[PDB]
Every structure is written in C-alpha cells, then in structure tokens.
C-alpha cells in the first residue's frame, strides 16, 4: 500500500523512487558458466550428456527429440489449447509480416544506383526455459518471426523432459530441431555447436542467471555467437486517470508481478483517490491468487505514485522508459505521440498486458531494465540484416569522379584516389 505524493518528494528522493535494482552479478556464476562453455566447446555431446546427470535426472540419450515424440505430445493436447495457439500464431504472423522493410532502390544522382536489401540471419537457436509449467507462448514469439524472415535453420533447446506444449508449439511454428538440453550448456551448444546441436549465428530467448551469463559470454567471444538482447527484470508501468477502473489497473500490476519477485511494478495517477482504490483492489485480488508469493514479493518494490496531472505522468514514464506502458486514460490514443520511450504500449481499458503476451499479435519479447533507450522490441528485424548495394554507370561514375578524387585526396588516401584516376583514364580512351 502506502501512496507516494510525488510532488512532496525531494528531487533526489524521486529519482531514487524509480531507480532499478542494482546489478549484483557474482563471479561464482561467471566462472561456473565459464567452465561449462569451455567444456562444451571441447568435448561436445560428451560434455552435454555429463551435465545431463548433474542437473535434473534426465541422463539424456538422444539429444534430438524424435518426430514420434513430438507426435505423441501433440496428441495429448486438447483441441481448445491447439486452437488457442493457432489464433495467437495467426495474429503474431500478421503483425510481423507487416514489418517487412519495403525495398530501397534509388539513384542519388543519375547513374548512381543505391539499394538496401534484406538477407535473413542464416541460422538461429531458440532457448526455452523448462519446468512444470513452461511459458510455451515464447516459442510462438521467437519461431514465428524466424519463419517469416526465411531463416534457413531454426533450432530450439529446452531442459528435458520437454513439456508437450513446447513440442507442439515448436512444431506448429516450423522449428526444425528440438534438443533435450538447457541451462548454460544449451547456450554453449548453440554458440559452439556439437555433434548433435548445430552452431547458429544468433541465439534468442531469456532464462535464469546462468543462461543470461552464458548468453553474455558467448556474445563477447569470437568463437561464440550473437544474442537477441541483454537481460533485466521485467517491468510494467500503468498510467491511470480518474476514469480508470481500479480492478483493471490492479489486474495488470498483478499480471506483471506474478512473473517474478524481481518484477518492477509502477502506477502513476493524478488522483490520490485512484491510487488508494488501486492499492485496495491489489490487496483483494492478491488474496485469490494461488501461487502468489512472488507476486507479493514483487509488490514490495512496487510504487503507487500520485502525480499533479496527466502530463506529469507522461514525463515520469518517459524518463523511466518502461518495458510495458499501459495507458488506462480516457484519451489514451492521443497520448501516444508524446511517449518517447517504452517497449510496448497498451491503450485503453480493454488492452490488458495479457492480451499482448498471448494474442494481440505483438511480440512479448521486449527490451527492459532501461534498454528501451536504444533497443527495440523483438520484431522481424532481429532475424535478418540490411545489406546495401550500389552500381554506378559510366555516366554516374564520371559525374562523381572529381568529387571522389578531391575527398580521397584530402584524406591522404592515394590508392583510393588512383582507383578513380585509372577508371577516368580508361573512359577517356574509349570515348
């Protein structure tokens, strides 16, 4: 509970109110993940099978899940679920396909043709945390854009035994191979490759501390691979005016809170009345949540802030740059233009966070922990790259030659200048 009267706080107390958790990061895990990587790179599968004893009694046999196993899993899933996933995929597919960069083809000057084309990332590996109730929805979020971009190889790793939901999810999005491996060793297998797991160009998907560390390390190693983005605690910031519904606001704060004890939960409202009613609704709803220890633990760091007006809410939100920004105001749409920093925005009272997590079609893999400053939500662009192309006709080149020689000359790049002179002389002789 405890409401915060923003304008009664000192300037320092304020910045302190929104400060994100400090990064502990123990060397313990840095060295541990270091052993794991080196070991996986050198002794491939043999190393993997070994770790397949240490953590979780899996004693993995064949690293790759068979087509029969996937089929057996797909049969045990209800039609309701299967149909639910087809809806999500269809919408996610529609949104990402819409992100395709239209071809760039222009002549900056007559005869000087410059283009920007797209090429897909050759191969991508998808990591999915295991457990009893895995977040299989992330499979749809990673594998669908990978499919749309035209990635030649799309593979997925997850701690064995892999739940039926993940198997079916992978299959539905066309994942080629699913491997029984997890933790820091699954990341290494993807970055370095083994006798069974292929080396990929980019690794996608969040996970625990070890997985996060492993991704960080393989992203800084020449022998490793690139990653989708750095990690950080998830965040949600709700802006609510006097017209908002306390229960709706609370349900979104709680949705975020139930993700992990480290979740950042923030409410901004110009009405003390609203802040108080939201705190009450949070209390009531919390009491009905089953496994609600993390939600309560996350709420210990929450902030229910009362601002002087709506503009101040936007001002605070922009400084923070939240992963998820939910605008439950009466003219939500109009505020979008003034929002300069957020991962994903949800407008109105009928756009719950959960809608974006599962079926609106947007991607729920977003930048957080302040990275909204320069990084973007996962989209088509993260599974491809922009390649430029240029062709100068004899005319275009001749028209630019002098400019190029002058510049190359000012930078003291003789060979750069000579490449031009040689060509101009060749043309003079053929003219």
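Numbering follows the first chain given and starts at 1.
The PDB entry reports B-factors from which the mean C-alpha value can be compared for 377-385 and 66-74; the larger average falls on 66-74. Stretches 213-221 and 328-336 differ in mean C-alpha B factor, with the higher average recorded for 213-221. Taking only the listed residues 291, 303, 113, 119, the entry reports the highest CA temperature factor at 291. The entry lists C-alpha B-factors for 165, 349, 241, 262, and the highest of these is at 262. Per-chain ranking of the deposited C-alpha B factor places residue 248 in the lowest third. Annotation for residue 404: C-alpha temperature factor in the lowest third relative to the rest of the modelled chain, per the entry. Ranked by Cα temperature factor within the chain, residue 423 sits in the lowest third according to the deposited record.
Ranked by Cα temperature factor within the chain, residue 295 sits in the highest third according to the deposited record. In the PDB entry, residue 372 places in the middle third of its chain by CA B-factor.
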